Structures are given as structure tokens and as C-alpha cells.
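Everything on this sheet refers to the single structure shown next.
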Amino acid sequence: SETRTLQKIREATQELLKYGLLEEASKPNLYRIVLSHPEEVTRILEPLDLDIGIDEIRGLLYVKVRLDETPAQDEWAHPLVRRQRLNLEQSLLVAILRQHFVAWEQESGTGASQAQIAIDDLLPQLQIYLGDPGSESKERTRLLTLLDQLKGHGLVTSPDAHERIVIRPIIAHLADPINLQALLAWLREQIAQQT
Amino acid sequence: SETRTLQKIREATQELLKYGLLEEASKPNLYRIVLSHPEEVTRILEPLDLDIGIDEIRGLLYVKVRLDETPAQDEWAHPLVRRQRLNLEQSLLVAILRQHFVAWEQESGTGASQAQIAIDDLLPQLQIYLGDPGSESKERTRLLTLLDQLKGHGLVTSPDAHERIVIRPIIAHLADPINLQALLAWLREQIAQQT
Amino acid sequence: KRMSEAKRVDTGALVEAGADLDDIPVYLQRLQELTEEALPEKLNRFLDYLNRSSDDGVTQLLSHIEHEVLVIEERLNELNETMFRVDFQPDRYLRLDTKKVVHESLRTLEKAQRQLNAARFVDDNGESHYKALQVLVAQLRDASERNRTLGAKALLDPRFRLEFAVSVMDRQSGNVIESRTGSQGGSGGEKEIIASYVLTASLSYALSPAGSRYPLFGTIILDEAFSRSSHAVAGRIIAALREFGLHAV
Amino acid sequence: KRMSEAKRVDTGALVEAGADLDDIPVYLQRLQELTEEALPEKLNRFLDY
Amino acid sequence: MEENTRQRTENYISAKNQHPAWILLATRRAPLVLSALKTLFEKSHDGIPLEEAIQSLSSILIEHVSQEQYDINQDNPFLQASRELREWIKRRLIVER
Amino acid sequence: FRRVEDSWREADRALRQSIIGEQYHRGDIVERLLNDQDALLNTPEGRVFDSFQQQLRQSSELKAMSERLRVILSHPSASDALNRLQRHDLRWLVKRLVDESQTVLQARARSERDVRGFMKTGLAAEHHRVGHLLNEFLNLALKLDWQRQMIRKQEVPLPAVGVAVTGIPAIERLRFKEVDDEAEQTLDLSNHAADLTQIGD
Amino acid sequence: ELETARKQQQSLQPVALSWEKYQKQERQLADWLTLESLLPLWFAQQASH
């Protein structure tokens, strides 16, 4: 009797809401389905106070909090974005991963979603900032905790049998140069407060 | 895109999704917003394969599965709704609350008078059916952990100053009551047997 | 013309620019930046530093392998000390020894290291040193790639640098008539007893906490090596096993 | 811009001449020789092998 | 040479406050820790595997339960050994790789 | 040599912390690596390390020293001279020096790793903008007091992208412990003795 | 990397030299063109006188 949204559209929208993002490289069918009715998906998100960005160059479709009247204080207050706010150690690791991601992008162009890094390369980097407790196992545990928390936000695949991970393309949009300037201005503010 | 959905309507929908329920007793405004906008609410839920079940006498609103039966298999695997299976203690407390709330609804009528019970009444029953973890303090800690978790699932409130909780009307719509009561019968059978 | 010439060698900077008047600005901007970096001036310094650092790494690794070989050679003396205690035949005790493997890969490594050491002195801004270092690192990388081949193990695996030999010694004198090396002899019973005996001695030495000649964990497990052995050689096996302080199953 | 590009992609058939208009005769001789002889001949050798 | 004299007390003030060895010699519990650590590293030169090190340490500390004059673990010597290894890593006495 | 090992750790760490400096041209980083390695070499412990390295080129002398050590500790007087631990250590001192110097080389190769990382920066335009931004941010990061706990777990204003909604709390998703698993297994501790006669002839 | 930087600088320097030479020529020619515009007025003054 009443209208039913295309069952495939329902599948795609619910799946994208579940995982928060959707990549052609591993889920092409739903990715294309959304790309076939982007108006429909956007309308579906409007009640949720959500929105859908696009990046066809790397093959990502990611959710983002709507901004029609959203408080500019922080979109994180939205009741349905369940994962918690990012923090500045996670932000330092995010910056390192973003630098590696852009380096890989230059190397292979947009290439494939496989922008990989060996975990052993991260340890020298964070060592400089978070310190050096002198116990390789302790620093590795700290690094893996940070990486797991980042995967909670969906920016890196968990460690695998080769101790390698793939920086998810979503990283490019979280460390968008505009967001980078915002965070950088706030970080300069805090450095001034350090006085 | 086109004009927006009412900000009040979207707020109420997001609240109902966060908590899985809405109440006239505590949130009559969002509750009446959802009621006065049922077609819009269900349309918003339609892409999600979601819907809202209602009980005006109990002052209860809650989310429920809109899924077609056996599109993939006879048992529903809604991506946005993970079907957690509780541990034994939580199941026992759920059965206790179900039967006690039913009895209170017999006594006062359906949803006419809030169902209530005291922590001190509960603890001895948990000790009887489960066994002493080692002290009264551990019993209270375990009971409060169970209550906090269930309140997370919207089933119970927090203890008041007198340390009495009110049973949430959501209990009336649990999935498998047969399993609950069979487990309760088996639990009494086993406490009888193991002695 | 020269704009196009510059593009022929560009990598990653002039890509965004054409080859005409409007592009001259960015060309000269990057020329300024490149000259500011002054990188081309470092050439000889960095070449010599690379030579030094990679030479240090390569020589240290090779000497480390050689010292591993020496450690193994001393382990042989330790086990020989253990084996001198017991008899293999009534008037004889077993002893070990090692020769130095002669192989193509190790010989090539020797030649390349000779050239590398000869290449330090050549007053050539370190070019010949770099050539020798490149060929030696080529050997190392080749070996590390095809590790299962005999040459790769002969190079990077310490023990394969040695050939193991076993002999039977006169209790009262240095007299020796026996050798299990090069040509095993293929004896269908003697090889089995020899292997079981040497294995028992080594296993006892490993099992014995330092200083003590007696194993702390006396138990050992064995199998149809006896079936391959005759009655007399099997009895020799049991006698040797008991004499080394081993209780067995 | 065209002839300079040709010299870059060149494979020993244009290095003997420069990148000015006086070299045009060699450019054209090589162009026609390669277009008529080289392409069909190489394609047929490739196909036969 | 007197300039070195004036500057030197800065060096010794810093070391007494900062350098690991001097701080260790200063602490009330110095002799027990030093003896145990010497015992551990003495009998091997390759660097102890952490599990072996902590087991040997829990064995050593048990010998010193007779030394009641300083801390004795009443219930779980292994936990004590693990805690002491953590602590000595924290003081940069032992770095593990 | 243990002290040399720390000196090289700190030289390498300084090289890294300076490499973060945005204003450092590529030539500046190359110059810093070269000059820092030279200075570390020239310092006294650097001279010790350098002379030991030169001994490696002249390996026959180190081999002769190890051989003589071997002949020394075997002589009976050696038994009285030292406990077995010291004899063990001294003979393999020649190898032990080789091992320890390896640790410094690891730091040098590690530093060359970051040098190589900073060499390749011929970025595209957008890559170049984000690279400027990231280097600025990382320089700003060094000055924070990382060791403190509260600094690390402070929130940042980074926007939420990739946001995922999850855990929709539908009461109908609830399932409960089911006790059909109680199938018991007997503890058959009886002695399953043997039967000698059954054995074959 | 150092080798390629050397080559790039070596090849780029001639470009800058030619650019500056051409710029000199271009200012010279621009001024010379400006001279051609004043010619009618000078000879007009002479003709009137």
C-alpha cells in the first residue's frame, strides 16, 4: 500500500550508517547504489541531521554531521555519533598517518586504497613526542592502543599478521587542510597558554 | 536541498533512537511530538527498516524492527541493531523484573501505577539463586552493576534516595518471554537439585 | 627550447607548468629555491660519508659472522671435552673437528672484500670505494634473497661455513684411524651408532648445568635407531648412554 | 615545442640534428621513413613471431 | 682553574639530583636492589629474556625474605619481581629491547 | 662502549627532533646529518669507536688477540686467576665489541631512514599545502609537555568525519542465556588396566 | 637525489640567463617603440617652424 524505499537503497543506507563510511574498493555494490540515488540518500540523512560527502578520486563515501543549524561548538554533541571525541595524542598520530598518506598518494597517485605502513616505522616517530620509557614492549603496547582507538574512528585497519596496516582514505578528509589550519590555530593558542 | 524537517521532530527522533524509547512521564514534549508526527517519523524510519511501537496507556514509545520476514534468512540480522545475548545473572534479573512488573500491573492495572522495588529486597534473591560472591558488599556491587547495565538497555531506572527503582514499561515488550520463564523454572529446579 | 630541456629532467615541480613565457616565473622561482637548498654542493662530502657508513655496516656484519663461526668452533671443543669422558669402542673415545668450507659464494665474497679494502686508498673522491661497496652489497642482497641456495647459507649462516668431521681416538695416544666427513662411507650400521652417540653426548652437555659433568634432567627418549643397529652396536649404544649420565626410555 | 618533444622521445634517429627549422629535412625524412616502413614492418614481424 | 671550581658544584648538584647511579646509591633500599641486579646480570651476558629474568628475580627475592629488615612480599613473590622489574625500568636502571 | 651507545642514541634523537623543523631546507638536513655524525666521531668516545672500527679493517690483529686469549685462559693458572664467568667473558670480548658497535650502526641507519624520508618532497600543489600545514603542526607539537598525562588526553576541535551511528537500542534485539548446555560428562578416573593374555602370540 | 638536483640546477641556470637577456632586449625594444611614437611631433614642430 504505502511506498517502500528501494530495498537495495535501504540496505546501502543502513550499512553506510553502521560503518559510517563506504569504500568502492571493498563494497562496490552499495557504494554505487548510493552513487545512483545520492539525492535519495541525502534526503534520508536529513532527518538524522547527517550528510553525505563524496570523493570519487579515491573512491570513498563518508558520513558527516549536517550543518544546516548544527551548533558550531562541536558536531560531536549530536546524540547518534556514538564514538567519542578525538584527543590530541590521537591527533599527533593522525598527523603522522596523514603525512604518510599524502606521501603514498604522491608515490602511487591515487593508486588503490592500500596506503600501507609498517608499524616499526611509527615507533621512532612517537618516541620523539610521547617519550622513551626504554621498554620496547611498553612503547609498542602504547602505539597499538593508539592504533586500535584510531580504528575505532575508522581511520586505520587493525594490525594484521604482517604488522602492517592500511590508512583508510577517510583520513584525507579528517585532516583536510582547512581542519588542519583550525587545529593548528588552536594549538598555537594552547602553546601561548603554556606561558 | 528542499526545506528541512521540523527541528523539534528531528530532535525527538534522535532522542528516541539514542534511548530506544520515549516517555510521557519524563519527556512528554518529545513524546507528543512523535505522536503528533507519526507518519513523518515512520517515513524517516522507513529507509532504515525501523518503526515505532507504542503503548499510550503505559506512556511508552519504543523502536521496533520493520524488516520483511526471511529476505535473507528467517531470523533477522538488522545491521544497525546488534542482538546481544545476556549472561545468566542478567537473564535472572530480567525474569524477576518481568514477573514482578506483571504482578504490579495486575494489582494497580496496566501502567496505572509505576512498579517499584527495593535494593534490599533484591539482594537476598540474587544471593539465593546465584550464591554469595563472598560478602554483602560484593552482592551490592554485582546488583548495582547489573542494574546499571540494564538501565543502559533502558530496562530499569537508578535507585532513588530510599534505593528503590521503577520498572520501565519497556519490559512488557521483551522478545523471548518463554526463554525467560523456562530459564527461571530451570534455575529454581537447579537450586533445588544442587543441595 | 631550454624550457623544454628543463622539463625533460624535471621531477615533480615543473610538471604543473608549461614551457612558455608565463611559465618562466615558476621556473626561476624553483631555480632560486633549488640554489637556496645548495644541495649540489654536498656531493663529495655525502658520497664519502655514504662510503664510510655502508663500509662500517658491511665489515661489522661480516666480522660478526666470522665470530659466530668461532663461537661454534669452541662449542665443538666443549663437546669434545664431554665426549673424551666415555668410550666409543673399548680402547677408544670419540672426538670431533671442523674444516673450513670452500665454496664459490664465500670465495667471491673474499675477492670482493679484498677489492673493497684495496678501494679505500684510491684517490678518486671515493668513486672506486663506492663501486666496491656496491658490488659487495649486491652480493649480500642476492644471498639474502635466495636464502635456500647453498651459497646464501654459506655466506650468511655461520655454521654452514664449516664442515663437521668425527673421528675415533686412541685412549692412550693421539693415534687416530677414523673419519666421517667428505665421504660418509655410507655404513648402514656405523653411521647410526655414530650419530646416536654424538647426539647423546651433545644432549648430555646441553642438559648439564654449567660446571657439572652430570645432566640434571637425566631422562632421554630414543627409538628404532636400535632396529637399524645390531645387537652388539645396540649394546654399545646403551653403554655409552649410561656412561654419559643419561637414564633413557 | 613539437620538435623538441620528438627529440626527447627520439631513439637515435633525430639526435644527429638539432631543434631548429634548418633540421626540418631530417625530421621529415625520418617521419616518412618510420611511418611507411617502420610501423608495418615491425607490426608484421611482431605478428609472425 | 677557579672557574672550574665554581662551575663544578653545578655538575655535582645536577648529578646527585638526576643521574641514575647516584640516585640509586642514595636510596634507602640501595644494597638489596644492587645485590639482586648484580646477581641477575652476572651469570649471563646476552641480556636476559624477560620471562627468565623475572623468574630468576622472583627466586632471588625469596632468598631475601629472611632479610625481614626490608620489604618482604607476604603472598605473591612473582608479582613482587614483576613490579621491581617495572620500577627499575622506570628508573632507567634496565632498558629492555 | 655502553657510553658510546647512549651518545649515538642522543645524536640520532636530536637529528630527528631537528628534522621536524619546517624551516630546514633539504640541504640543511643533509648538512646537519653530516656535521652531527662528524662531531660524534670526533668526540673522545667517537675516537674510541673509530679506532675500534679501524681495528676491524686490520682484522688479523683482533683475531690474534682472541686466539692468544684462548691460549691464555686454557693454561692452568687461569683457573686460579678468575672464576669461569670472567674467563667466558674475556675470551669472547673480541666478539662482544663487534656486537656492541652494531648497536650504533643501527642508530645511524635509522637516522638515514628519516633523511631519506625528508629527501622526497617534490609535492603537488595540494600535497604541498598540507605538507606545510603538517610540518607546522608537528613543530608546534614538540613544545607540548607530553610526559604529563592530562596533556595527552585533551580533546581537539577536529571535525567528525567518517561518523558511524551504531548500537541502536531496540529492545527486540535481546536474547537470554539458555541452559540446554548442561550436558554433563562423567569423570572416569578409573584405572583402565591392561589384559596381558590378549596380546598376540 | 643529489645527482638529480645537480642536473636540474645545471639545466635551469641557462634558462635564467636567456630570460634575463631577453628581458633586457624587451625593455630596449619597448623604449625604442616609444621613440617611434614621438617622431611625428618632432617633425611636425620642425615643419611648423
* If A:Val63 satisfies every condition in (1) facing chain F (nearest Cβ under 10 Å); (2) more than 25 Å from F:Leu138 (Cα to Cα); (3) surrounded by fewer than 17 Cβ atoms within 10 Å (Cβ to Cβ) but one, which is the exception? -> (3)
* For residues that are in a helix (DSSP H, G or I), of a type outside the set (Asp, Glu) and over 19 Å from F:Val163 (Cβ atoms), tally how many sit in region A:2-17. => 4
* When residues of region A:67-119 are filtered for being within 11 Å of chain F (Cβ to nearest Cβ), loosely packed, with under 14 Cβ neighbours inside 10 Å and of a type in the set (D, E, K, R), how many remain? -> 1
* **Residues (loosely packed, with under 12 Cβ neighbours inside 10 Å and in a helix (DSSP H, G or I)) located in region C:135-156** => C:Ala138, C:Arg141, C:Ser144, C:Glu145
* Residues of region A:140-195 being out of contact with any helix residue (DSSP H, G or I) (no Cβ under 9 Å at 6 or more places or on another chain), within 21 Å of A:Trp104 (Cα to Cα) and either of a type in the set (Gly, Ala, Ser) or within 12 Å of another protein chain (Cβ to nearest Cβ) (or both), which ones? -> A:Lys151, A:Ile178
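Got a sec? Which of F:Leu158, F:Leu134, F:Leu140 is out of contact with any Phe, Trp or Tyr (no Cβ under 8 Å at 6 or more places or on another chain), within 14 Å of chain A (Cβ to nearest Cβ) and closer than 19 Å to A:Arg85 by Cα?
Working: F:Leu134 fails: closer than 19 Å to A:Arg85 by Cα; F:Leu140 fails: closer than 19 Å to A:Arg85 by Cα.
The unique qualifying residue is F:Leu158.
Does A:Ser135 satisfy being among the hydroxyl-bearing types (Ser, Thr, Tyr), surrounded by fewer than 21 Cβ atoms within 10 Å (Cβ to Cβ) and within 30 Å of A:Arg66 (Cβ to Cβ)?
Details: among the hydroxyl-bearing types (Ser, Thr, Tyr): yes; surrounded by fewer than 21 Cβ atoms within 10 Å (Cβ to Cβ): yes; within 30 Å of A:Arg66 (Cβ to Cβ): no.
Judged against the criteria, A:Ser135 is not a match.
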* Those residues that are facing another protein chain (nearest Cβ under 8 Å), among the aliphatic types (A, V, I, L, M) and surrounded by fewer than 18 Cβ atoms within 10 Å (Cβ to Cβ), I need them from region C:16-45; list them, please. => C:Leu28, C:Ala38, C:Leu43
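Does region A:12-64 hold any residues that are over 18 Å from the mean Cα position of the chain (by Cα) and either farther than 23 Å from B:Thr5 by Cα or touching a residue at least 40 places away in the same chain (Cβ under 8 Å) (or both), and which are they?
The initial filter retains those residues of region A:12-64 that are over 18 Å from the mean Cα position of the chain (by Cα), namely A:12-14, A:28-30, A:32-49.
Hits for region A:12-64 are A:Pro28, A:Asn29, A:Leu30, A:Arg32, A:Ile33, A:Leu35, A:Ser36.
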* So which pairs qualify, if the first residue must be in region B:123-150 and closer than 21 Å to B:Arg164 by Cβ, the second must be surrounded by fewer than 15 Cβ atoms within 10 Å (Cβ to Cβ) and basic (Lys, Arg), the Cβ gap must be under 8 Å, and the two must be at least 6 apart or on different chains? -> B:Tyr129/B:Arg188
* Structure fact -> region A:18-83: strands (runs of 3 or more DSSP E) wholly inside it with 1 or more residues that are touching a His at 6+ places or on another chain (Cβ under 7 Å) and not small (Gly, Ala, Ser) are A:60-65
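Residue-wise test of (1) farther than 20 Å from C:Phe88 by Cβ; (2) surrounded by fewer than 18 Cβ atoms within 10 Å (Cβ to Cβ); (3) in contact with a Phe, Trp or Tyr (Cβ under 6 Å, 6 or more places away or on another chain).
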{"residue": "C:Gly211", "(1), (2), (3)": "yes, yes, no"}
{"residue": "C:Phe217", "(1), (2), (3)": "yes, yes, no"}
{"residue": "C:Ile220", "(1), (2), (3)": "no, yes, no"}
{"residue": "C:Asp223", "(1), (2), (3)": "yes, yes, no"}
{"residue": "C:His231", "(1), (2), (3)": "no, yes, no"}
{"residue": "C:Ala234", "(1), (2), (3)": "no, no, yes"}
{"residue": "C:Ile238", "(1), (2), (3)": "no, yes, no"}
{"residue": "C:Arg242", "(1), (2), (3)": "no, yes, no"}
{"residue": "C:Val249", "(1), (2), (3)": "yes, yes, no"}
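Where residues in region E:3-58 are assigned to a helix (DSSP H, G or I) and hydroxyl-bearing (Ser, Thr, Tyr), which of them is farthest from E:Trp88 (Cα to Cα)? Give the steps one after another, and end with the answer.
Of region E:3-58, the ones assigned to a helix (DSSP H, G or I) are E:3-18, E:20-26, E:30-42, E:50-58.
With the extra rule that they be hydroxyl-bearing (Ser, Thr, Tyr), the set shrinks to E:5, E:9, E:12, E:14, E:35, E:39, E:56, E:58.
Details: E:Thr5: 34, E:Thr9: 28, E:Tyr12: 23, E:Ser14: 21, E:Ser35: 13, E:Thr39: 15, E:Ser56: 15, E:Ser58: 14 Å.
Across region E:3-58, the extreme among qualifying residues is E:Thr5.
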* To do: Go through region E:66-83 and give me each residue that's assigned to a helix (DSSP H, G or I), more than 14 Å from every other protein chain (Cβ to nearest Cβ) and touching a residue at least 12 places away in the same chain (Cβ under 8 Å).
  => E:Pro77, E:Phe78, E:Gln80, E:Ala81
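Which one of G:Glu36, G:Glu26 is assigned to a helix (DSSP H, G or I), within 14 Å of chain C (Cβ to nearest Cβ) and within 17 Å of the chain's Cα centre (by Cα)?
Numbers: G:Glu36 fails: within 14 Å of chain C (Cβ to nearest Cβ).
Exactly one of G:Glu36, G:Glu26 is assigned to a helix (DSSP H, G or I), within 14 Å of chain C (Cβ to nearest Cβ) and within 17 Å of the chain's Cα centre (by Cα), namely G:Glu26.
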* Just a yes or no: is a residue in region C:51-72 within 8 Å of chain F (Cβ to nearest Cβ), surrounded by fewer than 16 Cβ atoms within 10 Å (Cβ to Cβ) and under 30 Å from C:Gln172 (Cα atoms)? -> yes
* To do: Can you tell me which residue within region B:123-132, out of those that are away from chain F (no Cβ under 14 Å) and assigned to a helix (DSSP H, G or I), is surrounded by the most Cβ atoms within 10 Å (Cβ to Cβ)?
  => B:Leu126
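Listed here are the residues, each with its yes/no results for (1) in contact (Cβ under 8 Å) with a residue 40 or more places away in the chain; (2) touching an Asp or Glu at 6+ places or on another chain (Cβ under 8 Å).
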site: F:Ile19; (1), (2): yes, yes
site: F:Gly27; (1), (2): no, yes
site: F:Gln54; (1), (2): no, no
site: F:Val71; (1), (2): no, no
site: F:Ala78; (1), (2): no, no
* When C:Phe164 is evaluated against the numbered criteria (1) in a helix (DSSP H, G or I); (2) over 30 Å from C:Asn51 (Cα atoms), which criterion, by number, is the only one it fails? -> (1)
* Residue in region F:111-130 that is out of contact with any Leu (no Cβ under 8 Å at 6 or more places or on another chain), in contact (Cβ under 8 Å) with a residue 60 or more places away in the chain, among the aliphatic types (A, V, I, L, M) and within 14 Å of chain C (Cβ to nearest Cβ) present -> yes
* Residue count, region C:193-249 (criterion: in a loop (DSSP other than H, G, I, E, B), under 34 Å from the mean Cα position of the chain (by Cα) and among the hydroxyl-bearing types (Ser, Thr, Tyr)) -> 3
* **Those residues of region F:161-198 which are within 14 Å of chain A (Cβ to nearest Cβ), under 25 Å from B:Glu89 (Cβ atoms) and of a type in the set (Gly, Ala, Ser), in sequence order** => F:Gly167, F:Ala170
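The numbers here are math on the coordinates, done by the rules we state, and not lab data. No Cβ is skipped: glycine too gets one built from the backbone with ideal geometry, and neighbour counts run over all protein chains shown.
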